[PDB]
Amino acid sequence: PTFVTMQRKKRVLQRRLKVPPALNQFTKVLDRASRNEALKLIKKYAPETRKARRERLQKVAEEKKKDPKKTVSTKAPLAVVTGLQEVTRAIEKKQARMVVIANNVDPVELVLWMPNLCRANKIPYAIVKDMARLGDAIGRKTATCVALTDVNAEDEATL
Amino acid sequence: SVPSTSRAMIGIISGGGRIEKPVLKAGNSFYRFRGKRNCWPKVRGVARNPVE
Amino acid sequence: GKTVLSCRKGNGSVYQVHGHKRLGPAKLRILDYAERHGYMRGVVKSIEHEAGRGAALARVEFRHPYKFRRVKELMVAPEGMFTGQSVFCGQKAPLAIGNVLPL
Amino acid sequence: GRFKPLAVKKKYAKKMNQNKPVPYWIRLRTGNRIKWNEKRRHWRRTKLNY
Amino acid sequence: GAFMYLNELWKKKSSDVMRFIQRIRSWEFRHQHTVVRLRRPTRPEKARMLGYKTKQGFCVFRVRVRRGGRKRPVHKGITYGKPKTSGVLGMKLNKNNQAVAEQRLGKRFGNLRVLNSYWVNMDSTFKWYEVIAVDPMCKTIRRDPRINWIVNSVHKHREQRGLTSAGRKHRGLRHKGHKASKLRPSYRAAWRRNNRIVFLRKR
Amino acid sequence: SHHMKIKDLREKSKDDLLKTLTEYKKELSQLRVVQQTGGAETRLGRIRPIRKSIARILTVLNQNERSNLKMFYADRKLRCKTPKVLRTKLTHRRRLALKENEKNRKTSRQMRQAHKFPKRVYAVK
Amino acid sequence: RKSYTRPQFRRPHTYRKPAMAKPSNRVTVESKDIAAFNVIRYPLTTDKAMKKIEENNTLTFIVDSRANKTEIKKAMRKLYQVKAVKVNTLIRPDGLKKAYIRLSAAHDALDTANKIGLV
RNA sequence: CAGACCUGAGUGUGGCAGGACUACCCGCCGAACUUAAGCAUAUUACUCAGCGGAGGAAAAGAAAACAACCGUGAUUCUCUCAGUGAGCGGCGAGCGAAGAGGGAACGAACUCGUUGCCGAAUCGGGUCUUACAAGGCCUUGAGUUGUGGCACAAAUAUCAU
RNA sequence: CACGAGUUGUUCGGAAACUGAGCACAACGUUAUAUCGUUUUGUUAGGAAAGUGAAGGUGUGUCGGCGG
RNA sequence: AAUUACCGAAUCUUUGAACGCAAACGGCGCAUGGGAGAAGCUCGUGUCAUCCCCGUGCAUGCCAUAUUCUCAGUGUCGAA
Ligand SMILES: [K+]
Ligand SMILES: [K+]
Ligand SMILES: [K+]
Ligand SMILES: [K+]
Ligand SMILES: [K+]
Ligand SMILES: [K+]
Ligand SMILES: [K+]
Ligand SMILES: [K+]
Ligand SMILES: [K+]
Ligand SMILES: [K+]
Ligand SMILES: [Mg+2]
Ligand SMILES: [Mg+2]
Ligand SMILES: [Mg+2]
Ligand SMILES: [Mg+2]
Ligand SMILES: [Mg+2]
Ligand SMILES: [Mg+2]
Ligand SMILES: [Mg+2]
Ligand SMILES: [Mg+2]
Ligand SMILES: [Mg+2]
Ligand SMILES: [Mg+2]
Ligand SMILES: [Mg+2]
Ligand SMILES: [Mg+2]
Ligand SMILES: [Mg+2]
Ligand SMILES: [Mg+2]
Ligand SMILES: [Mg+2]
Ligand SMILES: [Mg+2]
Ligand SMILES: [Mg+2]
Ligand SMILES: [Mg+2]
Ligand SMILES: [Mg+2]
Ligand SMILES: [Mg+2]
Ligand SMILES: [Mg+2]
Ligand SMILES: [Mg+2]
Ligand code: NA
Ligand code: NA
Ligand code: NA
Ligand code: NA
Ligand code: NA
Ligand code: NA
Ligand code: NA
């Protein structure tokens, strides 16, 4: 089928032609051993699901209704920053201890500037092998980038 | 000059010497072109009008 | 003025080929793996006349290199081709009249 | 002759049914203006050509 | 925000990295069809500016138009009358290629409402535009105030009537005041006003 | 006279209506024989009352069926699969048009601005 | 990956759920019993028609022009309780269809003609 | 191996397009007769014919607008500007507007993207409430390659109770 | 001209059910414009257009055969 | 149960954008509900092969969708 031929021919001339440094940097990914450990830390601080978030807010509502005078915190448990808009703000405000960027984002212009933005802000970053593996860690289908803003005390040595 | 991997059949093509016989008749030219195409008889341009 | 008859002939219309009663295009057999590496043996089955062509045509019977069936090519016969002749087509074919060889 | 489509035969059949004179009692109605059929047809005068 | 980096990235279109990215895409777009439906826009920042939202009922298509000027379709390049109207190759269509791409999409799929379009690529022989279309029968579209208007019937085939942004461009509606007096509200509306003969009752 | 009253027809069941329909269709067919074989003028005057009684029988049968089927599909679970013949016709445009509910959809900011600054009724002295 | 023995790709056969049956869009009440009255309209009482009754055991009827020869045989059974061993049909030059219905020897065409009322 | 997600097929389910009308209106395409006492630029005319597309009107419309003032204030229309000491034109035949001014109308204004603060609070689909609720509950289904909320000059918080 | 009639098929002609010179729906491309082009030289379409199915496995019916 | 006028409930043949496929053919289908069935089986009752009749769905494209349906790719991974 024409789509089978064109996806294979695509890969051929991404190697035949001279690729500038801004795109070649995504073919030089983090090694497998460190990629697995990073994904395990991202999965440990994955965002809460729809069910988990709504049960937490339901409890917070009850603790609010127990005494309307006192204010109950609605803060979510510590997790990773996920999403192009939110991860970018963590870099610009310099709240990200580490940023994990996926190498196969298409269009590449979504994240082509993340290595240069992290480098300008002196923020550790890594380009990893799949955006679906990043999505699996956080519980979605795909993920362009993930930032770790903080970890618990028992996970500071791992970070 | 052609690539050496192009094929050729040995010998001459059959039916040679056909042009050697006079046709002698406008009717024999009628049957020769009946299997070829519509190109005969041939009017000379000097015998036409300036419009054509 | 009006259109010249030589230009009118490029439209097709009544100036096309009288292809009815023609057997078809006369061609060598496909340059397949057997042709490129070994040879294919065929048998001349008939010598035919095609309307509008002055050279004789030959129907040569080959076996299918991959399937259980016959192929029946049709090519322009060289002079001396006879019915029952064995035709060799390929790299390893001998230099005899009627054989198809690489140049 | 013998061949005709059934659709053509059915148009010719309606034209045959319309080729009748006005009934006599139509002329005796109160505000009547019809005396003869003005749409009479003869096969030799006018052709339907169906 | 992240938009600021995609916006400034697409202003450096002649850079080496962007010339590489566009060369792989233009090669790929050549071996596709004239109209191609996409799950997601090639430029999400540009699509969102022009009305696209990642909601149910928003569609993106990539449409191909052949580049070059308009050749007048006269037999054998033979034209009659005053020599002023004798040109065949040098004349140019009074409608831009973005409007032609929108109209070719809209005529092909009449169940969709064309909203906008944007430039994504051009090659020596082709130009590619991505057209945002909306489904009027979608419940999400029909309950959203920000896109509710397109369900109305005045917006049927608005691209065929020159009402899209590309159509407004070649109508001269980018300009106002003394740059647009003869073409406002339309060239025919201005013509009728200047050329109709007025007969006041008492005169 | 062969005139079926509509009030009497609307009290019959579907079985009695179909039995009456067969009885009137059979008697109309016997009157078509009388048309060919001469026939009394008083007998040929019974054709029109019968043909309209057949129409009355078929009107009650079809009016009952449509209202019974409209009640069946009025259930909340069956409203999606209602046959288009039983749906409201209106007009092609009115069926595709935005409803009053969807037309009046407002954003959160639009609703708040209409609550903050409602239009007032006033006069001048 | 798979092994393909043909020189070109063809679409694989996947699971196809069959189409469901919708609620009927025709809800008009149609009586099965009165359908025979549409097939058989009325008899013909001309000289040729009367001639065939006595000697050919044949009844001549004007029928539906779209009616079938097999349907005319069934309608004669429902309406007149007779068996037709042969039906010959022609579409008349005025558009009507006339049927030549021959009854079995068990049935007298004159007796059934009297019951119809064409005597 | 499985498996994923990217791209793309097949089928089921719910819908839409298709044609008519086309006076007016919107987009394109587009003559020539005629006038110039000839004719080619010009005129007829950015018109007829041709191809598309809507509606009860359409289109336009909330300043990247006029002006040059003591300043006006979205659009559309009318008188007027003005057959013009504007201008265009074998500067010939001919063509030819705009600001201002008196009025009609006018509750006339809003929405998104962006930027800051949030971050699925969003949308479909089931089921319940007399309800295909702008509602509750559930739902990976879609969406984090971002939809929704708050504030951006008619402004100086919103978010609790 | 008026009125009334007349055309009867398992086998006759056609269709169901063939190919020809050819046409041009789909598909694709083109065109401001599809109302344009390609569409039989074995034959559509950058083209995933086969819904049909040899053997074999699973049960039903109709049997032959061995043993009890 | 007059007849007129008006309209809320209905009927609405063959076609036609015409759309199962065709067409100087009132032609030919595939799925699914029925109907009638004088052969055969059963005890004129039931049932009913071939044949015949009728309702509904079935064009192409697009959008959305799937109790989250079935698949393809020397696309990217990931595990073997
Ligand atoms: K005529
Ligand atoms: K004006
Ligand atoms: K459908
Ligand atoms: K003159
Ligand atoms: K507008
Ligand atoms: K004013
Ligand atoms: K005969
Ligand atoms: K065509
Ligand atoms: K039955
Ligand atoms: K694969
Ligand atoms: Mg000749
Ligand atoms: Mg001469
Ligand atoms: Mg004759
Ligand atoms: Mg004739
Ligand atoms: Mg032009
Ligand atoms: Mg016959
Ligand atoms: Mg003159
Ligand atoms: Mg002259
Ligand atoms: Mg002009
Ligand atoms: Mg016109
Ligand atoms: Mg008005
Ligand atoms: Mg409007
Ligand atoms: Mg103003
Ligand atoms: Mg004056
Ligand atoms: Mg002018
Ligand atoms: Mg937004
Ligand atoms: Mg006569
Ligand atoms: Mg042919
Ligand atoms: Mg050809
Ligand atoms: Mg091909
Ligand atoms: Mg049809
Ligand atoms: Mg059609
Ligand atoms: Na030819
Ligand atoms: Na004859
Ligand atoms: Na010319
Ligand atoms: Na139309
Ligand atoms: Na004139
Ligand atoms: Na004014
Ligand atoms: Na007569």
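Residues numbered from 1 in each chain as written, not as in the entry; some residues may be left out. Chains lettered and ligands numbered in written order. Part of a larger assembly, values for the part shown. Heavy atoms only, no water. Residues with missing side-chain atoms left out of burial classes, pairs and counts.

By the method listed in its record, cryo-EM, this PDB entry was determined to a resolution of 2.93 Å.

Going by what the PDB entry lists, chain B is known as Putative 60S ribosomal protein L2 and is assigned to Leishmania major strain Friedlin.

The PDB entry annotates chain A as 60S ribosomal protein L7a originating from Leishmania major strain Friedlin. The record held by UniProt for chain A lists under Sequence similarities (unreviewed entry) the comment "Belongs to the eukaryotic ribosomal protein eL8 family." Chain A has a UniProt comment under Function (unreviewed entry) that states "Component of the ribosome." (UniProt positions renumbered as here; feature names shortened; annotations may be inferred.)

Colleague: Help me understand the packing of helix α2 (residues 14-36) of chain F against helix α4 (residues 47-73) of chain F, please; the structure alone is not making it clear to me.
Modeller: When two helices pack together, you describe them by how their axes are tilted relative to each other and by the distance separating the axes. All names here are of chain F. The N-to-C vectors of α2 and α4 enclose an angle of 155 degrees; their axes lie 9 Å apart at closest approach. Looking at the two axes, α2 sits roughly antiparallel to α4. Regarding α2 and α4, the two cross each other, and that crossing is left-handed. Touching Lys14, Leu17, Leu18, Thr20, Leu21, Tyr24, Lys25, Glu27, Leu28, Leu31, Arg32 and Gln35 of α2 are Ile47, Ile50, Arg51, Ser53, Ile54, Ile57, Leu58, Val60, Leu61, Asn64 and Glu65, all from α4. (Axes fitted to C-alpha atoms, helices over the stretch in contact; angles between N-to-C directions. Helix = DSSP H or I, 4+ residues; strand = E, 2+ residues; numbered from the N terminus. Parallel < 35°, antiparallel > 145°, perpendicular 65-115°, else oblique. Left-handed = near helix turned anticlockwise from the far one by under 90°. Contact = heavy atoms within 4.5 Å.)

Colleague: Mind showing me how you'd approach the sheet that holds strand β3 (residues 125-128) of chain A here?
Modeller: Neighbouring strands of a sheet are bound in pairs by backbone hydrogen bonds; such pairs are parallel or else antiparallel. Residue and element names in this part refer to chain A. Taken in spatial order, the 4 strands line up as β1-β4-β2-β3 in an open sheet, and their pairing is mixed. Looking along the sheet, the strands with just one partner apiece sit at the ends: β1 (81-82) and β3. Examined bridge by bridge, strand β2 (residues 98-102) and β3 share 4 bridges and lie parallel to one another. Of the residues in β3, the one forming a bridge with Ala102 is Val128. The strands that helix α5 (residues 84-92) touches are β1, β2 and β4 (145-148); relative to β4, the one it contacts most, it runs at about 40 degrees. Seen against the sheet, helix α7 (residues 131-138) touches β1, β2, β3 and β4 and runs at an angle of roughly 130 degrees to β2. (Pairing = 2+ DSSP bridges.)

Colleague: Can you help me understand the interface of chain F and chain E in this one?
Modeller: Interface size is often expressed as the accessible area that is lost when the parts come together. Contacts between chain F and chain E engage 10 residues on the former and 10 residues on the latter. When chain F packs against chain E, close to 830 Å² is buried across both sides, 54% of that on carbon and sulfur atoms. Contact with chain E buries area across many residues of chain F, yet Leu98, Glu102 and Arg105 of chain F alone supply 56% of it, more than any other trio. Here chain F and chain E share 1 salt bridge between them. Two residues, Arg142 of chain E and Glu102 of chain F, come together in a salt bridge whose shortest N-O distance is 3.5 Å. Seen at the junction of chain F and chain E, the total is 3 residue pairs in polar contact. Sorting the residues of the side of chain F that touches chain E by element identifies α5 (92-96) and α6 (100-103) of chain F as the ones contributing at least two each. Its residues placed into classes, the side of chain F that touches chain E shows 3 nonpolar, 1 polar and 6 charged. (Buried area = accessible area lost by both parts, 1.4 Å probe. Salt bridge = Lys/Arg side-chain N within 4 Å of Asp/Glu carboxyl O. Polar contact = N/O pair within 3.5 Å; in protein donor to acceptor, adjacent residues only side chain to side chain. Nonpolar A, V, L, I, M, F, W, Y, C, P; charged D, E, K, R; others polar.)

Colleague: Help me out: how do you make sense of the interface of chain B and chain C in this one?
Modeller: With 24 residues of chain B at the contact, the number on the chain C side is 37 residues. On the chain B side of the contact with chain C, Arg7, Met9 and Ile10 of chain B bury the most area, a combined 32% of that side's loss. Counting across the interface, chain B meets chain C through 1 salt bridge. Here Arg7 of chain B and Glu35 of chain C are joined by a salt bridge, their closest N and O atoms 2.7 Å apart. Linking chain B with chain C are 16 residue pairs in polar contact, by the criterion used here. Its residues assigned to classes, the side of chain B that touches chain C shows 9 nonpolar, 8 polar and 7 charged. Pairing between strand β1 (residues 7-9) of chain B and strand β5 (residues 100-102) of chain C: 3 bridges, direction antiparallel. Across the sheet, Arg7 of chain B pairs through a bridge with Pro102 of chain C, a residue of β5 of chain C.

Colleague: Just checking my understanding: could you explain the nonpolar core for this structure?
Modeller: One broad trend across soluble globular proteins is that nonpolar side chains are buried collectively. The biggest cluster of nonpolar side chains holds 52 residues, and the ones touching the most others in it are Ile42, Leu84, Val99, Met114 and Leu134 of chain A. Core analysis: the next-biggest nonpolar cluster, separate from the first, contains 22 residues, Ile40, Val63, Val82 and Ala113 of chain G among them. (Core = buried A, V, L, I, M, F, W, Y, C linked by side-chain atoms within 4.5 Å. Buried < 20%, exposed > 50% of the residue type's maximum accessible area, 1.4 Å probe, protein only.)

Colleague: Help me understand the sheet that holds strand β2 (residues 58-66) of chain E in this model?
Modeller: All names here are of chain E. What the 4 strands build is an open sheet, ordered β1-β2-β4-β3; its pairing is antiparallel. The two strands at the open ends of the sheet, each matched to only one other strand, are β1 (35-38) and β3 (113-122). Between one strand and the next, the sheet's axes are offset by a mean angle of 25 degrees, whatever the strand orientation. As paired strands, β1 and β2 are joined by 4 bridges and run antiparallel to one another.

Colleague: Would you mind showing me how to read the protein's contact with RNA strand I here?
Modeller: The full set close to RNA strand I counts 42 residues, and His33, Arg66 and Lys107 of chain E together with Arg11 and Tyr100 of chain G are the nearest of them. Looking at RNA strand I alone, sugar and phosphate atoms form 60% of those within 4 Å of the protein. Between RNA strand I and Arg104 of chain E, the relevant distance is 2.9 Å, taken from a phosphate oxygen to a side-chain nitrogen or oxygen of the residue. Measuring from a base nitrogen of RNA strand I, one finds a backbone N or O atom of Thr14 of chain G at 2.8 Å. Among the secondary structure elements, those contributing two or more residues to the surface near RNA strand I are α1 (2-16) of chain A, β2 and α4 (97-108) of chain E together with α2 (47-56), β3 (84-91) and β4 (97-103) of chain G. With 4 residues, the top contributor of residues to the surface near RNA strand I is α1 of chain A. (Near = heavy atom within 4 Å.)

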